[PDB]
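Step one of this worksheet: look at the structure below.
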Amino acid sequence: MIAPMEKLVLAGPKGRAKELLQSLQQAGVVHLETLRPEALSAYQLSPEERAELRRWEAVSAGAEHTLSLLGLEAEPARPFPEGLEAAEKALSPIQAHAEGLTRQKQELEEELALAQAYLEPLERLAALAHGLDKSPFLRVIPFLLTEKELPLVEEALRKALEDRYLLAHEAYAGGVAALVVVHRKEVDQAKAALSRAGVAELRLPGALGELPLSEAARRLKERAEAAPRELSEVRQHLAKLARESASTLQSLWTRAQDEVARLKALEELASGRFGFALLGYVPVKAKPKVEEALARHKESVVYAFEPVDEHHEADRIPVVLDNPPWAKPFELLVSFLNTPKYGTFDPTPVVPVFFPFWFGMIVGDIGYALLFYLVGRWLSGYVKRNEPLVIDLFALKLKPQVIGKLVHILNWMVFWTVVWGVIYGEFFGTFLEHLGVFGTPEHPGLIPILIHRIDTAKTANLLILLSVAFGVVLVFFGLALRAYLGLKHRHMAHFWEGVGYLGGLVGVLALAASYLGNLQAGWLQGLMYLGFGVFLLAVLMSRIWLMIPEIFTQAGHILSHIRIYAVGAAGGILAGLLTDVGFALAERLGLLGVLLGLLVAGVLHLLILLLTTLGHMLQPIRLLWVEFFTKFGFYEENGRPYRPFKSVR
Amino acid sequence: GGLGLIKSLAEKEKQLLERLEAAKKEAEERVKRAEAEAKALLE
C-alpha cells in the first residue's frame, strides 16, 4: 500500500543545525526538501567548508583509485572516524606504495615484453657484427626482415659496393637478420635504397635500439633474466599490500563517503540569517525512531511533523510500500514499476495473489516444479553461504535478501504450480502413459484427473470460459479501483470515465454473450440497452471524445487473459508430446534402450523448458503489468521516491 | 507550522538587525557625547 509519508519541518540556530544534520544523516529516515522561497536564505555554508569538502572528496576519489589499482572492490563497511589530515597521511603512504608498485610492475612487464621481442635476433646480429660494431669506416643497418627476398635486398646491395657491404641474414629466420655494413654515406644511401626495396634498421625503443648492440644485448639479457623474478616479487608484494591495507582503505573510504555525503547534504539547506530551517519527508511508521532521534538532538528542536498533502497533488511527497511480511516479496517485482501517486493504491498484493495463481495455472509440470524446488534448494544453499549472488556470466552481483525474496516467491508460486499440475494431472510431464496414476476413461489406472490435457473438447469451452472470467473480474476490479480513486481524489473526470468504462463493458459483454452466444436475449436486452445508455451518459459527462477505441482497448485487455490458458495448454501439450515421443521411441521401440532414450527425451524437454518456461512465467506477469497497472493508471507522474540519507555501513 | 518557523527566524533576523543598527546609532551618539566632553575639557 501507499504510506503516509509525513512531512517534517525543523528550525533553530546554525551550529545546532550542523549537529542535527549529522544526526539526521545518522538517522537517515527523512528524504530532503528545499523549501527555499519564503523568507529564507540559501545556506551557502563556507568556502572553507567547501575546501574541506573538496579535500574529503579528493581523499575518497584517491581511495577509490587506490582500490582500483589494488584490484579490490569498493565495499561499504564500518567507517574510520578520524581527522581529514590524519586520514590523508594514512592513505598517502599506502597510495604512494601502491603507485610505485603499479608503476614498477607494469614497467618490468613491458621491459620483459620488449626484451623478449628482440632477444635472439639482436644476439645473432651482434654475433655477426663482430668486426665493425663501431669501426670508423662502416655503419651497420641490421634488418630483422621477412623470408627470402634477400635477392631484392641484394639488388640494393649491388647498388651499393659489391666488394663491400657485407649484407646477409645469418640465422633466427623468423625475422631473418639481414645485417648490412658498407660505409657511412654510401651505407646511408644504401639503407635508403634498401628501404625503398623494403628494409628497416632495427630502431627499438628504450636503450636496446638506442645503444651499441653488444651493450644493448647485454642489458636486454640482464633485463630478461631479472624481470621474471622481479614481476613475481612485485605481484607478491602487491598481493600482501592489498591483503594488509584494503581493510583500512575500505574503512577510510566508507568514512570519506559519509563525510562527503554530509558535505553534499549541507549544500541543500536553507538558512535563516544565523538560523536554519528545512523540510523533509519521513514515514509515519518510522515516526517513532525519527522522534527518538529528534529527542536525541541537543535541543529536541521544533519538528513540525505534519502529514503529507492529500490526494489532490501529493507529488513532491515521497512514496514507500506498505505491504505485509508475506506481501514483502511482491515489492521486489513492483520495483520494476515506478513509485505511486501518494493516494494511488499499490496492487502489489493483488499481483502476488493473481500472478502466482496464473503462473500456477500456466506451469503445471511436476518435473518443472521439481526443478524449481531443486534450484530453490541450490539458491538456498548459496544464501546459506551468504555471499552476494554474483553471476559474472550475467555480470550481476545481487543482494542475498533479493535471493531470499525470490526463493519465497518461488515457493509461493510452486505451491499453486503443484496444485494446478495435480489439477492438470501431469507428473514429470506425462508419467500416466506407463503408470496411470490419474484416471482417464481410455486408460483407467487410478482415480480421475480434473483436466484431461490430451483431451480438450470438453476442456476447451470450460478453459476459455474460466480464462475469460478471470480477466473480466480483473477488469471489473480495475474499473472499480479507477472510479474509487477518482472519487477519493475528487477527480470526477476519472470517476465518470471509470463509470462509463464499466457501463460500456457490461453492455458489451451482455450483447456479446446474447448475440454471439446462446439464445434467450430477453434478460440481456435491457441490460445491453442500460449499459449503452450509461456509457453514452458518462461520455456526455466527460465530453472529451474518449471514443469507442478506448472501450475496445479495454475490451481487448480483458480478452487477453485467454492467452494464459492458451500458453498453459501449449506448454502442457508440448511437454506431453515430448515425453510421449520419448517413451514411444524408448520403451515402445525396444524396451531396453529406455534409459538412453529417456535421457535424450529429458534433455530435449529441459532444453524446451529453458527455451519456453521463462517466457511462460513472464507473459502472465507481462499481462498482469499490462492490465492491472494500466486499469489503475500507473503512468501518472510516478510520484516521488523515499530518498533519505543512506549511512550504508 | 514550519513556514511560521521560517518566518519567525526571518523576523528574528529583522529584530536583531534593528537592534544592531540601534546599537550602532547609540554608540555613535555616545562617541559624539564623549568627543564634546573631551572638547569641553580641552577648552
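Chain labels A, B, ... are given in the sequence in which chains occur in the C-alpha cells; within each chain residues are numbered consecutively from 1, and ligands are likewise numbered from 1 in the order shown.
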
Contact residues (chain A, partner chain B, 7 Å, only C-alpha atoms) as a ChimeraX atom specification: /A:9-11,39-40,272-273,275,277,304

Please, could you write that set of residues out with N, CA and C atoms as an mmCIF file, in the first residue's frame?
```cif
data_model
loop_
_atom_site.group_PDB
_atom_site.id
_atom_site.type_symbol
_atom_site.label_atom_id
_atom_site.label_comp_id
_atom_site.auth_asym_id
_atom_site.auth_seq_id
_atom_site.Cartn_x
_atom_site.Cartn_y
_atom_site.Cartn_z
ATOM 1 N N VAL A 9 9.325 19.591 9.453
ATOM 2 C CA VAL A 9 9.978 20.886 9.305
ATOM 3 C C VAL A 9 10.736 21.201 10.585
ATOM 4 N N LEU A 10 11.992 21.617 10.440
ATOM 5 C CA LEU A 10 12.850 21.865 11.590
ATOM 6 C C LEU A 10 13.524 23.219 11.444
ATOM 7 N N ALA A 11 13.830 23.836 12.585
ATOM 8 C CA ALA A 11 14.437 25.161 12.600
ATOM 9 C C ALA A 11 15.180 25.375 13.913
ATOM 10 N N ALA A 39 11.055 33.796 2.566
ATOM 11 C CA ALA A 39 11.786 34.491 3.632
ATOM 12 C C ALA A 39 12.962 33.690 4.186
ATOM 13 N N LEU A 40 13.653 32.930 3.341
ATOM 14 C CA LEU A 40 14.766 32.099 3.772
ATOM 15 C C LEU A 40 16.023 32.445 2.987
ATOM 16 N N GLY A 272 18.507 30.953 7.787
ATOM 17 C CA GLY A 272 17.592 31.966 8.267
ATOM 18 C C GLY A 272 18.305 33.141 8.901
ATOM 19 N N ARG A 273 19.476 33.505 8.353
ATOM 20 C CA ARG A 273 20.306 34.627 8.814
ATOM 21 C C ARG A 273 20.722 34.430 10.276
ATOM 22 N N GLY A 275 20.330 31.373 11.444
ATOM 23 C CA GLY A 275 19.238 30.494 11.776
ATOM 24 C C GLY A 275 19.131 29.529 10.621
ATOM 25 N N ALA A 277 16.418 26.418 8.734
ATOM 26 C CA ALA A 277 15.160 25.694 8.677
ATOM 27 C C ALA A 277 15.160 24.822 7.434
ATOM 28 N N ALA A 304 7.893 20.355 13.238
ATOM 29 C CA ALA A 304 6.522 20.367 12.736
ATOM 30 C C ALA A 304 6.340 19.086 11.934
#
```

Secondary structure check, helix (DSSP H, G or I) residues of segment 433-467 of chain A, as a list in words: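 Put together, the selection reads residues 459, 460, 461, 462, 463, 464, 465, 466 and 467 of chain A.
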
Just-selected residues, N, CA, C and O atoms written as a PDB file, in the first residue's frame:
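New file again-v2.pdb:
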```pdb
ATOM      1  N   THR A 459     -12.691 -29.677 -22.523  1.00  0.00           N
ATOM      2  CA  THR A 459     -11.851 -28.768 -21.756  1.00  0.00           C
ATOM      3  C   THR A 459     -11.695 -27.396 -22.393  1.00  0.00           C
ATOM      4  O   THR A 459     -11.372 -26.438 -21.682  1.00  0.00           O
ATOM      5  N   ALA A 460     -11.919 -27.277 -23.707  1.00  0.00           N
ATOM      6  CA  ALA A 460     -11.680 -26.008 -24.391  1.00  0.00           C
ATOM      7  C   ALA A 460     -12.690 -24.948 -23.979  1.00  0.00           C
ATOM      8  O   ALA A 460     -12.309 -23.813 -23.674  1.00  0.00           O
ATOM      9  N   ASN A 461     -13.976 -25.310 -23.946  1.00  0.00           N
ATOM     10  CA  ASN A 461     -15.022 -24.348 -23.610  1.00  0.00           C
ATOM     11  C   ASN A 461     -14.917 -23.902 -22.157  1.00  0.00           C
ATOM     12  O   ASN A 461     -15.027 -22.707 -21.856  1.00  0.00           O
ATOM     13  N   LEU A 462     -14.655 -24.846 -21.249  1.00  0.00           N
ATOM     14  CA  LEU A 462     -14.537 -24.507 -19.835  1.00  0.00           C
ATOM     15  C   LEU A 462     -13.269 -23.709 -19.555  1.00  0.00           C
ATOM     16  O   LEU A 462     -13.291 -22.767 -18.752  1.00  0.00           O
ATOM     17  N   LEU A 463     -12.164 -24.057 -20.222  1.00  0.00           N
ATOM     18  CA  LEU A 463     -10.920 -23.316 -20.041  1.00  0.00           C
ATOM     19  C   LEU A 463     -11.036 -21.901 -20.591  1.00  0.00           C
ATOM     20  O   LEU A 463     -10.554 -20.946 -19.969  1.00  0.00           O
ATOM     21  N   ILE A 464     -11.712 -21.744 -21.733  1.00  0.00           N
ATOM     22  CA  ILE A 464     -11.910 -20.421 -22.311  1.00  0.00           C
ATOM     23  C   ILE A 464     -12.852 -19.593 -21.449  1.00  0.00           C
ATOM     24  O   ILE A 464     -12.645 -18.388 -21.269  1.00  0.00           O
ATOM     25  N   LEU A 465     -13.881 -20.229 -20.876  1.00  0.00           N
ATOM     26  CA  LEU A 465     -14.812 -19.513 -20.010  1.00  0.00           C
ATOM     27  C   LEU A 465     -14.141 -19.065 -18.718  1.00  0.00           C
ATOM     28  O   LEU A 465     -14.361 -17.939 -18.260  1.00  0.00           O
ATOM     29  N   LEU A 466     -13.292 -19.919 -18.137  1.00  0.00           N
ATOM     30  CA  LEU A 466     -12.587 -19.545 -16.914  1.00  0.00           C
ATOM     31  C   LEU A 466     -11.545 -18.464 -17.178  1.00  0.00           C
ATOM     32  O   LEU A 466     -11.393 -17.530 -16.376  1.00  0.00           O
ATOM     33  N   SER A 467     -10.828 -18.567 -18.303  1.00  0.00           N
ATOM     34  CA  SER A 467      -9.842 -17.554 -18.656  1.00  0.00           C
ATOM     35  C   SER A 467     -10.501 -16.226 -19.006  1.00  0.00           C
ATOM     36  O   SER A 467      -9.909 -15.165 -18.781  1.00  0.00           O
TER      37      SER A 467
END
```

Å distance separating atom CA of residue 269 of chain A from atom CA of residue 36 of chain A, one decimal place: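 Computing it gives 8.2 Å between the two atoms.
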
Gap from atom CA of residue 562 of chain A to atom CA of residue 519 of chain A - Å, one decimal: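 For atom CA of residue 562 of chain A relative to atom CA of residue 519 of chain A, the distance reads 23.6 Å.
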
Spatial neighbours of segment 242-250 of chain A, max dist 8 Å, only C-alpha atoms, sep filter under 6 positions, as a ChimeraX atom specification: /A:63,67,70,72,74-77,80,91,94

Using N, CA, C and O atoms, can you write the selected residues to a file as a PDB file, in the first residue's frame?
```
ATOM      1  N   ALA A  63      41.075   7.190  -2.668  1.00  0.00           N
ATOM      2  CA  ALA A  63      40.838   5.877  -2.080  1.00  0.00           C
ATOM      3  C   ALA A  63      40.210   4.926  -3.090  1.00  0.00           C
ATOM      4  O   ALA A  63      40.584   3.749  -3.156  1.00  0.00           O
ATOM      5  N   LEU A  67      41.977   1.638  -4.561  1.00  0.00           N
ATOM      6  CA  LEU A  67      41.307   0.345  -4.525  1.00  0.00           C
ATOM      7  C   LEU A  67      41.223  -0.264  -5.917  1.00  0.00           C
ATOM      8  O   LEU A  67      41.306  -1.487  -6.074  1.00  0.00           O
ATOM      9  N   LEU A  70      44.643  -1.479  -6.637  1.00  0.00           N
ATOM     10  CA  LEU A  70      44.857  -2.681  -5.846  1.00  0.00           C
ATOM     11  C   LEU A  70      44.076  -3.868  -6.386  1.00  0.00           C
ATOM     12  O   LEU A  70      44.362  -5.007  -6.006  1.00  0.00           O
ATOM     13  N   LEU A  72      41.039  -4.640  -5.706  1.00  0.00           N
ATOM     14  CA  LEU A  72      39.906  -4.949  -4.853  1.00  0.00           C
ATOM     15  C   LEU A  72      38.710  -4.073  -5.214  1.00  0.00           C
ATOM     16  O   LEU A  72      38.833  -3.051  -5.895  1.00  0.00           O
ATOM     17  N   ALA A  74      35.271  -1.767  -4.089  1.00  0.00           N
ATOM     18  CA  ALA A  74      34.935  -0.763  -3.080  1.00  0.00           C
ATOM     19  C   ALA A  74      33.685  -1.219  -2.339  1.00  0.00           C
ATOM     20  O   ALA A  74      32.567  -1.091  -2.841  1.00  0.00           O
ATOM     21  N   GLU A  75      33.875  -1.749  -1.135  1.00  0.00           N
ATOM     22  CA  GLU A  75      32.720  -2.198  -0.375  1.00  0.00           C
ATOM     23  C   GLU A  75      32.430  -1.247   0.777  1.00  0.00           C
ATOM     24  O   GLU A  75      33.357  -0.808   1.468  1.00  0.00           O
ATOM     25  N   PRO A  76      31.163  -0.908   0.998  1.00  0.00           N
ATOM     26  CA  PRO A  76      30.821  -0.107   2.176  1.00  0.00           C
ATOM     27  C   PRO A  76      30.907  -0.942   3.441  1.00  0.00           C
ATOM     28  O   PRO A  76      30.486  -2.101   3.482  1.00  0.00           O
ATOM     29  N   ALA A  77      31.461  -0.336   4.485  1.00  0.00           N
ATOM     30  CA  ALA A  77      31.717  -1.038   5.734  1.00  0.00           C
ATOM     31  C   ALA A  77      31.623  -0.035   6.877  1.00  0.00           C
ATOM     32  O   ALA A  77      31.117   1.080   6.705  1.00  0.00           O
ATOM     33  N   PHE A  80      35.891   4.754   9.402  1.00  0.00           N
ATOM     34  CA  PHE A  80      37.084   5.028  10.199  1.00  0.00           C
ATOM     35  C   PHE A  80      36.994   6.452  10.721  1.00  0.00           C
ATOM     36  O   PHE A  80      37.372   7.396  10.001  1.00  0.00           O
ATOM     37  N   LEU A  91      46.477   7.477   4.187  1.00  0.00           N
ATOM     38  CA  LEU A  91      46.184   6.971   2.852  1.00  0.00           C
ATOM     39  C   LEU A  91      47.353   7.198   1.904  1.00  0.00           C
ATOM     40  O   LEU A  91      47.681   6.320   1.097  1.00  0.00           O
ATOM     41  N   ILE A  94      50.119   4.527   1.801  1.00  0.00           N
ATOM     42  CA  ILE A  94      49.634   3.350   1.092  1.00  0.00           C
ATOM     43  C   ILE A  94      49.411   3.664  -0.379  1.00  0.00           C
ATOM     44  O   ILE A  94      49.709   2.840  -1.251  1.00  0.00           O
TER      45      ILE A  94
END
```

DSSP strand (DSSP E or B) residues within segment 155-327 of chain A, as a ChimeraX atom specification: /A:166-169,176-181,270-271,276-282,302-306,318-319,321

Pick from A:440, A:579, A:23, A:630, whichever lies nearest to residue 482 of chain A using only C-alpha atoms: A:630

Extract, using only C-alpha atoms, all DNA, RNA and protein residues at most 12 Å from residue 626 of chain A, discarding same-chain residues fewer than 3 positions from it, and format them as a compact mmCIF listing (two decimals) with N, CA, C and O atoms, in the first residue's frame.
```
# COMPACT_ATOMS: atom_id res chain seq x y z
N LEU A 337 8.11 -1.49 -11.63
CA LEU A 337 7.28 -0.33 -11.89
C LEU A 337 7.78 0.87 -11.08
O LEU A 337 8.63 0.75 -10.19
N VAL A 351 -1.16 -8.46 -7.09
CA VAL A 351 -0.18 -9.01 -8.03
C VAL A 351 0.33 -10.33 -7.48
O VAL A 351 0.34 -11.34 -8.20
N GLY A 471 -10.13 -12.66 -16.31
CA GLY A 471 -9.83 -11.35 -16.86
C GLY A 471 -10.98 -10.37 -16.73
O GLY A 471 -10.75 -9.17 -16.56
N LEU A 474 -10.91 -9.20 -13.16
CA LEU A 474 -9.79 -8.27 -13.01
C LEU A 474 -10.11 -6.92 -13.64
O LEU A 474 -9.74 -5.87 -13.08
N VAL A 475 -10.80 -6.91 -14.78
CA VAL A 475 -11.16 -5.65 -15.44
C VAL A 475 -12.21 -4.91 -14.62
O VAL A 475 -12.18 -3.67 -14.54
N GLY A 478 -10.37 -3.39 -11.75
CA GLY A 478 -9.59 -2.24 -12.18
C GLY A 478 -10.45 -1.01 -12.45
O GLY A 478 -10.07 0.11 -12.10
N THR A 553 -10.10 -1.00 -26.53
CA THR A 553 -8.80 -1.30 -25.95
C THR A 553 -8.96 -1.98 -24.60
O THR A 553 -8.26 -2.96 -24.30
N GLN A 554 -9.88 -1.48 -23.77
CA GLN A 554 -10.19 -2.15 -22.51
C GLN A 554 -10.79 -3.53 -22.73
O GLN A 554 -10.51 -4.47 -21.97
N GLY A 556 -10.14 -5.53 -25.37
CA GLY A 556 -9.04 -6.39 -25.74
C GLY A 556 -8.12 -6.72 -24.58
O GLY A 556 -7.59 -7.83 -24.50
N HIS A 557 -7.96 -5.77 -23.65
CA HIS A 557 -7.18 -6.04 -22.44
C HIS A 557 -7.86 -7.08 -21.57
O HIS A 557 -7.19 -7.92 -20.94
N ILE A 558 -9.19 -7.05 -21.51
CA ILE A 558 -9.92 -8.08 -20.78
C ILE A 558 -9.85 -9.41 -21.52
O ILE A 558 -9.72 -10.48 -20.90
N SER A 560 -7.46 -10.50 -23.39
CA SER A 560 -6.10 -11.03 -23.45
C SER A 560 -5.80 -12.09 -22.40
O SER A 560 -4.75 -12.73 -22.48
N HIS A 561 -6.69 -12.31 -21.43
CA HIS A 561 -6.47 -13.31 -20.40
C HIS A 561 -6.63 -14.74 -20.90
O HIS A 561 -6.21 -15.67 -20.20
N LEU A 618 6.86 -15.23 -17.60
CA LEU A 618 6.90 -13.78 -17.76
C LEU A 618 5.62 -13.23 -18.36
O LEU A 618 5.17 -12.15 -17.95
N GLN A 619 5.04 -13.93 -19.34
CA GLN A 619 3.85 -13.43 -20.01
C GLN A 619 2.64 -13.33 -19.10
O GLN A 619 1.78 -12.47 -19.35
N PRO A 620 2.49 -14.16 -18.06
CA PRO A 620 1.47 -13.87 -17.05
C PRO A 620 1.76 -12.58 -16.30
O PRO A 620 0.86 -11.76 -16.11
N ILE A 621 3.02 -12.38 -15.91
CA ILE A 621 3.41 -11.14 -15.25
C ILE A 621 3.36 -9.98 -16.23
O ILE A 621 3.05 -8.84 -15.84
N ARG A 622 3.65 -10.23 -17.51
CA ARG A 622 3.56 -9.19 -18.52
C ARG A 622 2.12 -8.74 -18.72
O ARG A 622 1.84 -7.53 -18.75
N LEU A 623 1.20 -9.69 -18.83
CA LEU A 623 -0.21 -9.35 -18.95
C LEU A 623 -0.75 -8.72 -17.68
O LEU A 623 -1.62 -7.85 -17.74
N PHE A 629 -2.02 -2.56 -13.83
CA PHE A 629 -1.41 -1.24 -13.67
C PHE A 629 -2.14 -0.21 -14.53
O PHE A 629 -2.54 0.84 -14.03
N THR A 630 -2.34 -0.52 -15.81
CA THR A 630 -2.96 0.43 -16.73
C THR A 630 -4.45 0.63 -16.45
O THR A 630 -4.99 1.69 -16.79
N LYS A 631 -5.12 -0.35 -15.85
CA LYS A 631 -6.51 -0.16 -15.46
C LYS A 631 -6.62 0.82 -14.30
O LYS A 631 -7.62 1.54 -14.17
N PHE A 632 -5.59 0.87 -13.46
CA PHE A 632 -5.49 1.86 -12.40
C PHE A 632 -4.61 3.04 -12.80
O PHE A 632 -4.26 3.86 -11.94
N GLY A 633 -4.25 3.16 -14.08
CA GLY A 633 -3.37 4.23 -14.49
C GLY A 633 -1.92 3.82 -14.46
O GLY A 633 -1.40 3.25 -15.43
N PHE A 634 -1.24 4.14 -13.34
CA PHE A 634 0.13 3.76 -13.03
C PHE A 634 1.15 4.33 -14.01
O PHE A 634 2.25 3.78 -14.16
N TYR A 635 0.80 5.42 -14.68
CA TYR A 635 1.72 6.16 -15.54
C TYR A 635 1.48 7.65 -15.37
O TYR A 635 1.57 8.43 -16.32
```

Exercise: residue 126 of chain A partners within 7 Å, only C-alpha atoms, chain neighbours under 3 positions left out, as a list in words: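 Selected residues are residues 122, 123, 129, 130, 213 and 214 of chain A.
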
I need the residues from that last selection saved to file as a compact mmCIF listing (two decimals), in the first residue's frame (with C-alpha atoms), if you can.
```txt
# COMPACT_ATOMS: atom_id res chain seq x y z
CA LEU A 122 69.75 -8.98 -31.76
CA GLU A 123 72.07 -11.61 -30.27
CA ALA A 129 78.73 -7.84 -36.32
CA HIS A 130 81.99 -8.82 -34.61
CA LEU A 213 74.27 -3.61 -29.94
CA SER A 214 76.66 -5.58 -27.72
```
